[PDB]
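A.B. asks: once you've seen the sequence and the experimental structure below, I've got questions.
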Amino acid sequence: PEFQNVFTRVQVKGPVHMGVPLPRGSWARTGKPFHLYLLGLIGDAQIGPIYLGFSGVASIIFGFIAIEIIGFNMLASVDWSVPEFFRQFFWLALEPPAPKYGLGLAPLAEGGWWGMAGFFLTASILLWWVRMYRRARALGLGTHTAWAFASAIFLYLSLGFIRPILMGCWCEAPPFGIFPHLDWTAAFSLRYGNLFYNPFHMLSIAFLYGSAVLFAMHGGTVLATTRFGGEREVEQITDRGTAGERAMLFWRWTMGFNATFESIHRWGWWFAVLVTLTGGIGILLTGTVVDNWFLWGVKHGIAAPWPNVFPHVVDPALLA
Amino acid sequence: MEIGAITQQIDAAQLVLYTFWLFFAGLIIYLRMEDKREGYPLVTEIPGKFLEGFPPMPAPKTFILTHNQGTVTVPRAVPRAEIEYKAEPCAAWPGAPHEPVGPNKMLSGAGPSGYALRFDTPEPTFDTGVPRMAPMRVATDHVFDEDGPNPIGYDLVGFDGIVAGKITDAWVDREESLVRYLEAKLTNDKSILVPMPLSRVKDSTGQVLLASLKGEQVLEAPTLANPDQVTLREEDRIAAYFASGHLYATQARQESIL
Amino acid sequence: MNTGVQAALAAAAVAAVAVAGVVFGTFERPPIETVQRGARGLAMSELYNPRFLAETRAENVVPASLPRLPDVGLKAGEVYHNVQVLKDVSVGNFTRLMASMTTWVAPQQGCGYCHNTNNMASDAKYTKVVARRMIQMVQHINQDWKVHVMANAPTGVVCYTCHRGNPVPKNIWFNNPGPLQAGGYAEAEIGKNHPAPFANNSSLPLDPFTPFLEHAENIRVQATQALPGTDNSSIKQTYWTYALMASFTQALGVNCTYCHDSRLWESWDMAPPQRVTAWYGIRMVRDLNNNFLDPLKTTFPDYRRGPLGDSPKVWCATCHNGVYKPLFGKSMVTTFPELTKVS
Amino acid sequence: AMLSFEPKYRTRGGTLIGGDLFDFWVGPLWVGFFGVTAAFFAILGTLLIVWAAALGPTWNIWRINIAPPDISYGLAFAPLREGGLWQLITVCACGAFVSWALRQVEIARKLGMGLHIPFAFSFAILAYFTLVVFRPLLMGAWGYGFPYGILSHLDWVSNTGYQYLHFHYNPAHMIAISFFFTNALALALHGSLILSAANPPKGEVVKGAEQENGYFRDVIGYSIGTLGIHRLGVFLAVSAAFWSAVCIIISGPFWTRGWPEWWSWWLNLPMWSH
Amino acid sequence: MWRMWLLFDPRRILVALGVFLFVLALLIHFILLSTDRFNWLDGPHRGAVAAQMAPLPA
Amino acid sequence: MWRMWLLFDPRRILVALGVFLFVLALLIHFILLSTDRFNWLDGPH
Amino acid sequence: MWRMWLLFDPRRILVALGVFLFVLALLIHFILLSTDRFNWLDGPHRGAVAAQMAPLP
Amino acid sequence: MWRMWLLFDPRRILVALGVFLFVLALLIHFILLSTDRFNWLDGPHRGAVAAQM
Ligand code: BCL
Ligand code: BCL
Ligand SMILES: CC[C@H]1c2cc3[nH]c4c(c3C)C(=O)[C@H](C(=O)OC)c4c3nc(cc4[nH]c(cc(n2)[C@@H]1C)c(C(C)=O)c4C)[C@@H](C)[C@@H]3CCC(=O)OC/C=C(/C)CCC[C@H](C)CCC[C@H](C)CCCC(C)C
Ligand SMILES: COC(C)(C)C/C=C/C(C)=C/C=C/C(C)=C/C=C/C(C)=C/C=C\C=C(C)\C=C\C=C(C)\C=C\C=C(/C)C(=O)CCC(C)(C)OC
Ligand SMILES: [Fe+3]
């Protein structure tokens, strides 16, 4: 068959690309880049250099302290037993504060460490957002990456900061652990009545599925047209070639309409962004303006009428 | 205790949902308008009837290009000229296909052999106006990596097993440091370029396999205007010629196989 | 071949073998038996592995019981010296019950597990003192809690229901705060974020029995109306409710849909009648632990108690032992009327 | 109507079945043999859905619920009013999806493109086939398929998930979610980078591979490149669907207990087993 | 051992050493805070904890 | 030690040191606020 | 059998052997530590719990 | 045996040895803290253990 362009075995070693000159006052790029044949198989072979400005170093320091708070408490929760740490690592977490303390500062053993880790991690994420914004400007690029990142931060802040404030308790926020934060996700749905019936949860899923649909379609489109230089997308945007025309005609002949090599990336940008934008809004609504999503769904005529195959039963707590 | 109720039936979450629907309707309108910056207005089977569909075409936007190769405004007020493709319609009614003409359908400009009239100048690098694609005899700072195949000196073979020539040099992308074309010296002394995405480097037998063209059809592939650089338009011509072989190399490849 | 490629292939080869080891060492296989219990397409049904079910049926085989002797003649209350609960039983049936209790509780140790072999009336051994309280517990269950143990059929319970031929039943529980952690300012052991055997080895709370099956903390967390204003239950509380409901599945060998429709957990209009029976099971367990097992704290020796010194307690799996009904609903108390009435 | 550049591309050929008989366009859509077949299955399947809705108790679009047969029917074809209609709609859906994929193959061949797009779509079809035929076949009853209804099939997902009492602990479920979440992160990054390069601040020149690769080397120390990101987009999206199919095929045919219990193999490893 | 600094970069060693020593010191201070006996702030008497399984404060 | 600024960028040292000191100071203030004895706002319980 | 080093590069063999021997020894030491009989620090594992229950609401 | 530093880079060996020994020493110190008997900070008898027969 034809070359499927799955991976690249024929590779050439050129001079390392350090990037465009930076604006006056910027730091020097860190590290000496080197060629790696393994990464050249599936993508670009060069590793480095990296730019570490003020935002990058500040974000790392803030984030590292937060990670240390999580890890030290996780290790203390198994009484410093390394065999138990490896055994239980997925089960461990840094738990959010007890409901007693509301929005106030909890004692260290009862959620105080969680709040400090939440603050330092949030600062690190925000400082990383500045890094994504400023690195784009330094290269003369648009800030689309930073604003897409802000959408992801919105869901993160809604889960851990905005909604706990709206509910009046840091106890509603997720824990810092792998299995426990899955427990929190499930317990959230149990408490607030089947989050499937949250319409913004429906939309977020539609865009999450849609992001997988679009990237499979778009990635497949580019791979199918790499024989025409389809992966050189910006050059296709400013001077349309046969790769762009065939890509547009494939989808027009398939489903009756098509994008362009520029607008497809707008479809992809919004579909990913709307996952966390609609998701964040849905999380802010539950417990604040809706307490049971299934009963809200029943009220708004979206609960399918499933037959009841059992004899009628009365709540035994009422007759007691 | 009814927190979030606006009326007896309308609540806050419902209102926020309808607010999103209005935004999403506007977003789809915006996205569909952006989709219409290329290829619109549509052409019909009427000399001067054009359709823009719904939503209408957006206001023009301008791209500034590097190294004084001009400004591009999309949607174009006057669309780019099309190539003079040679095909005969299979029927007169709208929606019917056409059949490419000529003994070599890969040169007809119809079907998969068509291409766009791109810039007739090489794509330049950003740092310097130097052509982006260059043969490794010119781009001496690029060398083949070890523990990977070296196609120089391999035979160029069509899918029918006929050897069309030998690989003499490779063309690299000076921006991404990768191979994009293999240059082959054909048996008629032609020195054509073959697309790397359409080449299977079999380092076991020392052959570069072409699944798209027979050996004799390789001999009619496009040649460069000058041997050390390739324009954007020439890149489209080369890609169209080789890729159209999957449908035009043999009569079997164009017909239903079952 | 490039060294980085070799390392990547070796790492991929190791992972594939490791995945193969986990997959072939843990997974089950078809055929699987399905018992549909809800409406078509609502995915309310029970799964049963036939190989697991065959093993389960083998260990729930009811032992044959001695035939019941006539109740005419001398009564054990008059004949024997220290008989406080089995007074109305005839001598022949009293001896039959003692033989039955021996096989049900301590078949290996015989009559000497509870009795001084030369003085049967003596209560020197703590086991006899517990046994007398256990008889009262069985009589209490069969008479006053037939809303649960005789919900559909006159099943009832006997000593074998929990003990299964062992002095210590397989399924008991103690007050468990969780494993020891670091002290000082480190995050406290809250009974969560550790592997919880009672909660299917998840990170859900590891002791849901203390607040619910000994104390009477509210299990319900869901609001009964669409909009807020009536419910202040926290996600923290939902953890313990989730953990207790996980223990129900293990205890009965069923899943959530056996008692619930997942689209509304709080709904009783959408629930099978098994949820009503389970509701009384909670109150029965609290009665057993608060009134029978806990007051026996001083009678139990210290090695029979928990790390906190509390007496061993009953929960759902003590009787059910992984089956939707104990011994698949087979009744053993029908030929033991003395175990169905409170003295 | 056709795009400005379209007319030269409308060649005859590329079909797998039929040939010139169905090789024509209706408006912007190419038909071919599988377009006829896809149209037939799609229209019949949709019409049967409406008829099944007509037999139901509501016309509310959100509340229409077409359910599979009872488990007791096994692998037999049930009567139409008791899950037989669901089975017919399922067969139409399977035919429509396969025809759509095969139609895409012919369209890609007509344009001389690779077959990457239908290849990627085939994994979506595999997940659907896992849900409605493969998993029900291993369980021995068509009643295991999800009901056809906008909100009613969420009820099937919810109840199915709680048949294992904590579906987050399903290991293939974790992998599939990791692929879905990473794909959305990758899509947001890729869409942003292209738009940022093609749409710099007003009056500034458009940016190319030097800034695109330079951007992620500056922020993260590595750039996968334009070819790599489109490979990654397919790989992440395809593997999300593949591991989704795995996560549900093992739920019930190969695992009948709570998913958290499955992790006891890790807890009981002899290096740290209690 | 002066000859070792011709083999190891003083920039690399000092930066790696500073990070390593701070993390180690931070870890040891945390471990002491995670003991009752060596807790220097509140002392040896650990405070009582609040109920985790509690409703929202309303 | 005046030569330590010959091999270390003073701009880079000050930025790293400045962030480190502020993060450490935030860490210590946060710890004290979460203690019973050294909470200076609501005081001891 | 000295010829084994004419076939394999010594640098890789020693590094591979050193990594292999440490991981195996770490594996064996940990397996014994998890047992009651061969635990050389405390012996049988008692599974200590926290001193008190977290109070109910 | 001195003919090993020409075969192995001393810089790579010392850095690898330094990381390995520190991680190993952390591992052992951590394990002793987890034990009841060898905990040198809080000492023995830190939790509750059920009596055995
Ligand atoms: C039983 C569980 C419930 C359920 C409970 C919830 C809850 C609760 C939530 C969701 C949410 C979502 N659910 Mg749900 N959900 C259910 C069933 C489903 C099903 C299904 C087929 O059954 C699907 C496909 C989904 C899918 C989804 C997504 C659409 C959405 C998550 C978006 C996202 O990508 O967040 C992932 C992305 C983020 C969380 C942002 C991350 C960005 C930050 C910046 C990360 C920084 C990392 C940092 C630098 C590193 C730190 C490392 C340190 C060591 C800590 N759910 C069932 C009904 N679901 C979320 C939502 O938005 O709902 C409206 C949400 O909160
Ligand atoms: C439990 C009973 C005792 C106790 C029992 C023991 C026993 C038994 C031993 C120790 C040993 C040590 N104990 Mg003690 N120890 C206790 C409690 C403590 C406490 C505490 C807070 O309570 C501390 C801080 C320590 C600290 C120490 C260290 C001084 C020492 C481990 C050396 C090491 O890790 O080298 C690791 C670091 C190196 C080897 C440096 C490597 C140099 C390289 C080769 C050169 C190049 C460097 C390279 C460029 C940079 C990378 C290296 C970096 C360090 C990462 N112990 C309790 C009180 N302890 C060990 C010891 O004394 O060793 C001499 C030992 O045998
Ligand atoms: C549109 C929504 C989707 C999305 C988008 C998105 N995410 C993004 C972005 C975008 C557009 C970015 O630009 C940003 C990024 O940088 O991407 C490369 C990012 C990002 N999304 C990430 C994760 C992420 N995204 C997720 C989800 C999503 N992201 C959505 C699906 C998730 C999920 C599903 O949970 C995760 C986990 C990160 C990879 C990145 C943000 C990175 C960040 O915030 O970095 C700072 C955080 C830290 C914890 C600091 C780390 C510190 C180091 C570990 C220290 C190492 C040691 C140290 C050097 C020692 C010395 C220290 C001294 C103090 C001693
Ligand atoms: C040598 O060191 C090592 C040993 C290597 C360290 C090892 C560390 C390790 C292994 C760490 C592992 C960590 C792991 C596995 C973490 C996993 C975390 C997961 C999955 C988290 C998931 C979700 C978490 C979320 C959403 C949390 C959000 C929290 C937020 C937003 C909190 C914000 C509040 C802010 C901004 C405040 O201002 C409040 C602060 C204050 C008022 C003081 O307190 C109230
Ligand atoms: Fe792209």
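C.D. replies: Cool, got the structure. Numbers count the residues shown, from 1 in each chain, chains lettered A, B, ... in the order given. Ligands and ions are numbered 1, 2, ... in the order given.

A.B. asks: ok, the closest residue in space to residue D:166 that isn't next to it in sequence - contacts?
C.D. replies: In space, residue D:166 comes closest to residue D:260 once its chain neighbours are excluded; the distance is 5.1 Å by CB to CB, 6 or more residues apart in numbering or on different chains. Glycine gets a C-beta too; all of them are placed from N, C-alpha and C. Residues in contact with residue D:260 (CB atoms under 8 Å, 6 or more residues apart in numbering or on different chains) are C:199-202, C:246, D:165-166, D:169.

A.B. asks: list the buried residues of the helix or strand residue D:260 falls within.
C.D. replies: Per DSSP states H and E: residue D:260 is located in helix D:259-262. Buried residues in helix D:259-262, counted by 16 or more other CB atoms under 10 Å in any protein chain shown: D:259-262.

A.B. asks: quick one: residue B:236 and ligand 2, what's the gap?
C.D. replies: To ligand 2, residue B:236 is 56 Å away according to CB to the nearest ligand atom, to the nearest Å.

A.B. asks: test my guess that that residue contacts residue B:118.
C.D. replies: Yes: counting by CB atoms under 8 Å, residue B:118 is a contact partner of residue B:236 at 5.5 Å.

A.B. asks: what is in contact with those two at once?
C.D. replies: Common contacts of residue B:236 and residue B:118 (CB under 8 Å, 6+ apart): residue A:241.

A.B. asks: any chance you could map the helices in the chain?
C.D. replies: Defaulting to chain A. According to DSSP state H, chain A carries its helices in the segments A:37-42, A:54-77, A:82-88, A:112-138, A:144-157, A:163-167, A:178-191, A:199-224, A:233-238, A:242-255, A:263-285, A:293-299, A:316-319.

A.B. asks: wait, chain E was what I had in mind.
C.D. replies: So, for chain E - with DSSP H - the helices run E:10-33.

A.B. asks: now do the contacts for the residue of it found nearest ligand 2.
C.D. replies: Ligand 2 sits closest to residue E:28 of chain E, with a gap of 4.8 Å, by CB to the nearest ligand atom. With contact set as CB under 8 Å, 6+ apart, residue E:28 has no partners.

A.B. asks: now do it against chain B, distance only.
C.D. replies: Using CB to the nearest CB, to the nearest Å, residue E:28 is found at 47 Å from chain B.

A.B. asks: what do you get for residue D:213?
C.D. replies: Residue D:213 is 7 Å from chain B, by CB to the nearest CB.

A.B. asks: and the helix or strand containing that residue, what does it pack against?
C.D. replies: Element membership for residue D:213, per DSSP H and E: helix D:209-220. Secondary-structure packing of helix D:209-220 (3 or more CB pairs under 8 Å, 6 or more residues apart in numbering or on different chains; DSSP states H and E): helix A:112-138, helix D:171-198, helix D:225-249.

A.B. asks: near ligand 4, from the contacts of residue D:260?
C.D. replies: When the contacts of residue D:260 are checked against ligand 4 using CB under 6 Å from any ligand atom, none falls in range.

A.B. asks: looking at those, which one is closest to residue B:208?
C.D. replies: Nearest to residue B:208, judged by CB to CB, of the contacts of residue D:260 is residue D:169 at 50.7 Å.

A.B. asks: nearest residue to the closest residue to chain G within chain D other than its sequence neighbours?
C.D. replies: Closest contact between chain D and chain G, by CB to the nearest CB, is at residue D:271 (4.3 Å). Counting by CB to CB, 6+ apart, residue D:271 lies nearest to residue G:30, which is 4.3 Å off, once chain neighbours are set aside.

A.B. asks: quick one on the thing from earlier: quick one: which of the contacts of residue D:260 is nearest chain B?
C.D. replies: Closest to chain B, out of all of the contacts of residue D:260 and judged by CB to the nearest CB, is residue D:166, at 27.6 Å.

A.B. asks: figure out how far the longest helix belonging to chain B is from the centre of its chain.
C.D. replies: Counting residues, the longest helix in chain B under DSSP H turns out to be helix B:12-35. Helix B:12-35 has its C-alpha centroid displaced from the chain centroid by 34 Å (CA atoms, centre = their mean, to the nearest Å).

A.B. asks: does it come close to ligand 1?
C.D. replies: No: using CB under 6 Å from any ligand atom, helix B:12-35 stays clear of ligand 1, with a minimum separation of 12.0 Å.

A.B. asks: same for that helix, what does it pack against?
C.D. replies: With contacts defined as 3+ CB pairs under 8 Å, 6+ apart, helix B:12-35 has these neighbours: helix A:199-224, helix A:263-285.

A.B. asks: can you put the ones you listed in CSV and add mean neighbour count?
C.D. replies: Output for those, formatted as CSV (neighbours: other CB atoms under 10 Å in any protein chain shown):
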stretch, mean neighbour count
helix A:199-224, 24
helix A:263-285, 25
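
A.B. asks: tally of neighbours for the closest residue to residue A:276 other than its chain neighbours?
C.D. replies: Closest residue in space to residue A:276, ignoring its immediate chain neighbours: residue A:155 at 3.9 Å, by CB to CB, 6+ apart. As a burial measure, residue A:155 scores 20 neighbours (other CB atoms under 10 Å in any protein chain shown).

A.B. asks: go on, the one 5 residues further on?
C.D. replies: The criterion is other CB under 10 Å. On that basis, residue A:160 has 20 neighbouring residues.

A.B. asks: how far away is the closest residue to it other than its chain neighbours from residue A:99?
C.D. replies: Using CB to CB, 6+ apart and skipping residues adjacent in sequence, the residue nearest residue A:160 is residue A:173, 4.6 Å away. Plainly put, residue A:173 is 11 Å away from residue A:99 if you go by CB to CB, to the nearest Å.

A.B. asks: for chain E, which residue gets nearest to chain B?
C.D. replies: Proximity to chain B, evaluated over chain E using CB to the nearest CB, is greatest for residue E:58 at 11.3 Å.

A.B. asks: ok so, going back, ok, now how distant is the residue of chain D closest to chain G from residue G:43?
C.D. replies: In terms of CB to CB, residue D:271 sits 18 Å off from residue G:43.
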